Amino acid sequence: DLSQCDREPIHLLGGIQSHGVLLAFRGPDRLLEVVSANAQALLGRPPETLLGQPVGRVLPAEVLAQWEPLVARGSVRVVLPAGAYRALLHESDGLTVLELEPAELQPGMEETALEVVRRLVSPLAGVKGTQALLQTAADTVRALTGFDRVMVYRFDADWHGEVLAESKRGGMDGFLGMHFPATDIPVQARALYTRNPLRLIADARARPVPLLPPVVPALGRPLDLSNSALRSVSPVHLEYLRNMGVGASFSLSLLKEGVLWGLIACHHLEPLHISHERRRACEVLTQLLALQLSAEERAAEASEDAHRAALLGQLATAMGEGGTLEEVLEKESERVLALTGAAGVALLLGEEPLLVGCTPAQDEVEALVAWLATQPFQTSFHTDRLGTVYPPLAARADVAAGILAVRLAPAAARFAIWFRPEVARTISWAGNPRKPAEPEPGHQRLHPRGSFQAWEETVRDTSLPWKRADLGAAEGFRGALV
């Protein structure tokens, strides 16, 4: 179900944010084709009068002088009689898009940000866990942006997420540890956040500035603002902000090894514009954490596969120390369990089933033993909520909430099945997950949930997720029984 949320084009709403001015040109003569209605407060004259006119007679000479560097570097600073603006330049719908927004005024900013990078690299980060690695990356970003609250938000495989870190001001509420639906950040949004990694909402109460003309004439549609720094956002999202009593919003995507792993959302309770220069420096921090997270993770996985392979070697040094099948896998009982972080093992070596640890009844292992043999897997099968696919043992989630089965022979149903009990998790949801929006009668005008107060849900009948190492240790064992 691709809902109403996952529909309307957020890149075709046709408004810009009032703290800036948008101009679009087409042609070798670069005649103004698309103008935002507030254009006058800079250009001088009625916007309607400057459509159809080449750049030379609409743009100030303060800016055209630096047009070449604008074209080559994509952005240049320009001082006007109004103040210091930053000219941004890109391409869209075959037209040239120009944006003026206020520039950075405080000149020891890059110095300051060069010092938050030293903190986020250091000799080495992630000392006592990646938790304080995200907590620093949150602190650094608050210190640089001046925002009252900064959360690290992670995405889960269902595309729901959780605040894993939070650096806020004293006397402020916090969303630490809470959980959030997938409809909160829809799919079309996550599609373009994985392309354009920044977004600033200076004033959520403010009214978007329309563009002129309302369509691109040669197209019958509005100008594609997917790469605009001043594009104004969906209306139903400005209300979700107001129902949190926030006033400004800045978010950066956390792209690590290709995918959208999460966001760094920044909340302020009064409007605040952050210079495009200050946001690029923040982007330098977010990429920094994303590289730290990657090197820490692989290192954990490597060390987690060296201890598992220490076990595989102890199994074999013993299994060859004496002819003793039934006996060693019994005398070395905890070295098999710990191979997959398991609590009971059922080994199908024909004959009878050698039951080790806490394990389901011999006539119940013989029940999944017969169903698994008619399941579509090749070498391994792992469920973390078995009861849902195999309900007969849905009441035995005390020993069989999750399973990890390996085939010890091609045909000839010969398996090694590790078992895990459930692990009960209470997740707190920021507001009711079942009514996470308010539709109006006719179900054609959705609104957001107005309460983000805790909602608690103990999760049952699920086990711990089978990590990557458990699974490799399983198939390593497999090449030692055949």
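The term rigid core refers to the most C-alpha atoms you can superpose between the two forms while keeping them within 1.5 Å. Numbering starts at 1 and runs along the sequence shown.
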After core superposition, the stretch with larger RMS C-alpha deviation in 7 other deposited structures of this protein, comparing 255-263 and 317-325, is 317-325
Stretch farther from shown form by Cα RMS in 7 other deposited structures of this protein, picked from 68-76 and 203-211 after core fit, is 68-76
The stretch whose C-alpha atoms carry the larger average B-factor in the entry, 235-243 or 126-134, is 126-134
The stretch whose C-alpha atoms carry the larger average B-factor in the entry, 35-43 or 434-442, is 434-442
Among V121, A281, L311, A343, highest Cα B-factor in the entry goes to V121
The largest CA temperature factor among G94, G258, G357, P181 is found at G258
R199: CA B-factor among chain residues, third -> lowest
Entry-reported C-alpha B-factor of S303 relative to its chain, by third, is lowest
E99: CA temperature factor from the record, placed by chain third, in the lowest
Quick tally, chain-level thirds of C-alpha B-factors: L348 sits in the highest
Quick tally, chain-level thirds of C-alpha B-factors: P210 sits in the lowest
